[PDB]
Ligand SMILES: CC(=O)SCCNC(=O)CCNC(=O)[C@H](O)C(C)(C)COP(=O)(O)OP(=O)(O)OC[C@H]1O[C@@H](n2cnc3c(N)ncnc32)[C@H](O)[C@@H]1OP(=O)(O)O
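What follows is one chain in structure tokens, specifically the form solved without the named molecule.
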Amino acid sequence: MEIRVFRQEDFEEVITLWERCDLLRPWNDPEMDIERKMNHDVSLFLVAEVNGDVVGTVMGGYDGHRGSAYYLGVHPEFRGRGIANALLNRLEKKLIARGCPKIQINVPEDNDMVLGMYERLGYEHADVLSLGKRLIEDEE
């Protein structure tokens, strides 16, 4: 199992994996999200590969003040193998390497698995409300 940067050739395989991990939402066009990432900086968009197949992802990022992580997924048949942790551990190292001082992540309260992973990785709850505003509406 190896962690590496996303490549353009992984496009369709990643989208299929996201579908299999129930990560897609109607308001985010995954094709558009990958294109945005490619255009901006692909270097923190990581994939986990096992036997030549992409079985996990994290779309990591840095905005010049805080790090981020979206689209964290592990194929349902590859759970309990340390892949999500390997992805986040590598992301954190890439973030520190470029001077990012802190990573932030939002998770729905009902996602007890993702929440639990982050708590075990040393993430702490922030006493804040996350407010959002859509700027460009995607198609489904």
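Quick note: we count residues from 1 along the sequence shown, nothing fancier.
- Once the C-alpha B-factors are averaged per stretch, 22 to 30 and 38 to 46 rank with 22 to 30 first.
- Per-stretch averaging of Cα B factors for 87 to 95 and 111 to 119 places 111 to 119 on top.
- Among the modelled residues of the chain, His75 sits in the middle third by CA temperature factor in this PDB entry.
- Among the modelled residues of its chain, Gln104 has a C-alpha B-factor that falls in the lowest third, as given in the PDB entry.
- Sorting the modelled residues of the chain by their CA temperature factor places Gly64 in the lowest third.
What follows is about the form deposited with the named molecule bound, which we do not show.
- Put simply, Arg120 is close to the named molecule in the bound PDB entry: some heavy atom of it is within 4.5 Å.
- When contacts are judged by a 4.5 Å heavy atom cut-off, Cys21 counts as touching the named molecule in the bound PDB entry.
- A residue is said to contact a partner when one of its heavy atoms sits within 4.5 Å of a partner heavy atom; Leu46 fails this definition for the named molecule in the bound PDB entry, lying far away.
- Under a 4.5 angstroms non-hydrogen atom cutoff, the named molecule in the bound PDB entry lacks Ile34 among its neighbouring residues.
- A heavy atom within 4.5 Å of the named molecule in the bound PDB entry is found for exactly one of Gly64, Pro26, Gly80, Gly52: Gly80.
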